[PDB]
Amino acid sequence: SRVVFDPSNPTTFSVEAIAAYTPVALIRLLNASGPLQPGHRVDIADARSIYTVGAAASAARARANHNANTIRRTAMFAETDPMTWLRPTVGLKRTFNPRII
Amino acid sequence: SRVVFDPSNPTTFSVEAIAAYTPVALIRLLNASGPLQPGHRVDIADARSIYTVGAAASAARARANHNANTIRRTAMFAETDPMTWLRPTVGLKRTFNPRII
Amino acid sequence: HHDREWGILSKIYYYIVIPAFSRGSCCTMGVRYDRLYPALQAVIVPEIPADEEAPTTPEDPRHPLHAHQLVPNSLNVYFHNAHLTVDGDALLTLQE
């Protein structure tokens, strides 16, 4: 379901499963305003937070799906050197190709 | 002889036997140390020195094993003998990709 | 061997424009050899078969340390950060 009239049920699993193209098209066709009266949409901050967390979840799912052909991400710094008295550990600066080939 | 609690057993015995990459990864993944009271945690300089000696020995052994294309070596200084009335072969040192040997 | 001419030349080279250009940046530097020795002491490299050509740039997919055996570690990330023509024969000379 991709109807803003009753978005109580299609909030997380519906967004994670289907792509963001349909909600993007719905938002584009519905300008920059939406009816906050129908459904469980109190004010606009809650709706904005729901939309942002749904977009973040969809992006994370897409990244996880596409990670099969890519390499796992790494942090800018290591912060994994408990042996400070023995020797320090330098950071990581990824400059190689993110793709396999 | 691979207990991370005491930094004296995995110093050279577990490093010079095989490639040091696996012990290094195990040490990195097994934190640094635990209870330092029941053990020989004093005088860490000797432990560091013996660990570095073992690492150097393992690296030298690996280099000798992998140096199948470079076994003949000579000196660089000339006129080391009274019988230097002729000019020997000049050639070149190990400053090229291994193609012939 | 001959004289203090080497020291005289060194002091002349270090006392012409170097203090003027480093008035605000000259300071003593410490030596943490006891702490930095184990970081570079452990150096390993897979065997490279002969009758081949050594890679020029460290970006080809055929590099043994880039295809599937990179791993973070400490020496590996250090080499990734400062791998300016340090592999191959340079790595062999460093190991020697």
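The present account deals with the structure reproduced in this document. For every chain, the first residue of the written sequence is numbered 1, i.e. counting runs from 1 onward, and this need not coincide with the entry's numbering; residues without coordinates are not included. To label them, take the chains in the order written and letter them from A, then take the ligands in the order written and number them from 1. This view holds some of the chains of a larger assembly, and the values cover only those chains. Hydrogens are left out, water is left out, and the side-chain values use all remaining heavy atoms of the structure. Residues with missing side-chain atoms are left out of burial classes, side-chain pairs and their counts.

### A closer look at the interface of chain B and chain C
Phase 1 of the analysis: Here, residues are in contact when the closest pair of their heavy atoms is within 4.5 Å. Listed per partner, the contact involves 21 residues of chain B and 21 residues of chain C.
Phase 2 of the analysis: Strands are runs of DSSP state E lasting at least 2 residues, helices are runs of H or I lasting at least 4, and numbering of each runs from the N terminus. Mapped onto the side of chain B that touches chain C, the elements with two or more residues apiece are helix 1 (21-29) and helix 2 (44-66) of chain B.
Phase 3 of the analysis: When residues in the side of chain B that touches chain C are grouped by element, the largest group, eight residues, is from helix 2 of chain B.
Phase 4 of the analysis: Of the residues that constitute the side of chain B that touches chain C, the class distribution is 11 nonpolar, six polar and four charged. Throughout this entry, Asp, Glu, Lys and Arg are counted as charged residues, while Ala, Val, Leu, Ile, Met, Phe, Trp, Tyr, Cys and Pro are counted as nonpolar. The remaining residues, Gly among them, count as polar.

### Some thoughts on the packing of aromatic side chains
The way to describe two aromatic rings as a pair is by their centre distance and the angle between their planes.
Residue and element names in this part refer to chain C.
Phase 1 of the analysis: Centre distance within 6.5 Å is the pairing criterion for rings of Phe, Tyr and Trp, where only the six-membered ring of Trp is used; planes under 30 degrees apart are then read as stacked, over 60 as edge-to-face, and the remainder as tilted. Applying the stated criterion across every chain yields a total of one aromatic pair over all chains.
Phase 2 of the analysis: With a centroid separation of 5.4 Å and an interplanar angle of 25°, the aromatic rings of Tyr33 and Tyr37 are classed as stacked. With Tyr33 and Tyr37 both in helix 3 (residues 33-41) and four residues apart, the pair spans about one turn of that helix.
Phase 3 of the analysis: Classification of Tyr37 by relative accessible area gives partly exposed; the value is 29%. Exposure classes here rest on a 1.4 Å probe applied to the protein chains alone. A residue is buried below 20% of its type maximum, exposed above 50%, and partly exposed in between.

### Description of the environment of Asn31(B)
Phase 1 of the analysis: Among the structural elements, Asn31(B) can be located in the loop between helix 1 and helix 2.
Phase 2 of the analysis: Overall, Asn31(B) belongs to the partly exposed group, its relative accessible area being 49%.
Phase 3 of the analysis: Taking the C-alpha atoms as reference points, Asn31(B) and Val4(B), separated by 27 residues in sequence, lie 7.9 Å from one another.
Phase 4 of the analysis: Setting aside anything within four residues of it in sequence, one finds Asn31(B) in contact with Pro82(A) and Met83(A).

### Here we look at the state of the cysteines
All names here are of chain C.
Phase 1 of the analysis: For the purposes of this analysis, a disulfide is any pair of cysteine sulfur atoms at a distance within 2.5 Å. If you walk through the whole model with that rule in mind, you get zero disulfides over all chains.
Phase 2 of the analysis: Here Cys27 stays free of any disulfide, with the sulfur of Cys26 as its closest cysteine sulfur at 8.5 Å.
Phase 3 of the analysis: Here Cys27 falls in the exposed class, since its relative accessible area comes to 62%.

### What to know about unusual backbone geometry
Residues and elements named next belong to chain B.
Phase 1 of the analysis: With phi around 55°, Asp43 is a residue other than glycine that occupies positive phi space.
Phase 2 of the analysis: Note on placement: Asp43 falls in the loop between helix 1 and helix 2.
Phase 3 of the analysis: We note that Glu79 has phi near 55°; this positive angle belongs to a residue other than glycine.
Phase 4 of the analysis: According to the relative accessible area criterion, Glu79 is exposed, its value standing at 68%.

### As for the interface of chain C and chain A
Phase 1 of the analysis: Taken together, the 14 residues of chain C in the interface contact 12 residues of chain A.
Phase 2 of the analysis: Should a side-chain nitrogen of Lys or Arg be within 4 Å of a carboxyl oxygen of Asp or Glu, the pair is scored as a salt bridge. If you look at where chain C meets chain A, you find zero salt bridges.
Phase 3 of the analysis: Polar contacts, as used here, are pairs of N or O atoms within 3.5 Å; protein pairs need one atom able to donate a hydrogen and one able to accept it. Residues neighboring in sequence count only if both atoms are side-chain atoms. Between the two partners, chain C and chain A, sit five residue pairs in polar contact.
Phase 4 of the analysis: Counting only elements with at least two residues in the side of chain C that touches chain A, the list comes to helix 3 and helix 4 (75-81) of chain C.
Phase 5 of the analysis: By residue class, the composition of the side of chain C that touches chain A is seven nonpolar, five polar and two charged.

### A few points about the packing of helix 2 of chain B against helix 3 of chain C
Phase 1 of the analysis: At their nearest, the axes of helix 2 of chain B and helix 3 of chain C sit 10 Å apart, and the two run at 25° to each other. Taken together, the axes of helix 2 of chain B and helix 3 of chain C lie roughly parallel to each other. Of the two possible hands of crossing, helix 2 of chain B and helix 3 of chain C adopt the one that is left-handed. Judged by residue contacts, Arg48(B), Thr52(B), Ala55(B) and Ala56(B) of helix 2 of chain B engage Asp34(C), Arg35(C), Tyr37(C), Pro38(C) and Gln41(C) from helix 3 of chain C. Axis definition: a line fitted to C-alpha atoms, over the contacting stretch in the case of helices. Angles run 0 to 180 degrees between N-to-C directions. Our angle categories are set so that under 35 degrees counts as roughly parallel, over 145 as roughly antiparallel, 65 to 115 as roughly perpendicular, and the remainder as oblique. Here a crossing is taken to be left-handed if its near helix is turned anticlockwise relative to the far helix by less than a right angle, and right-handed if that turn runs clockwise.

### Some details on empty space enclosed by the protein
Phase 1 of the analysis: Cavities and pockets are found on a 1 Å grid laid over the protein atoms alone: a cavity is a set of points where a 1.4 Å probe fits but cannot escape, a pocket is an open set with protein on both sides within 12 Å along at least five of seven lines, and a lining residue has an atom within 4 Å of such a point. Grid points are joined across faces, edges and corners, and a volume is the space filled by probe spheres set on the points. Quantified by volume, the largest cavity comes out at close to 50 Å³.
Phase 2 of the analysis: Lining the largest cavity are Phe96(A), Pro58(C), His63(C), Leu65(C), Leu70(C), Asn76(C), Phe79(C), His80(C) and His83(C).
Phase 3 of the analysis: Here the lining of the largest cavity is built from residues that sort into five nonpolar, four polar and no charged.

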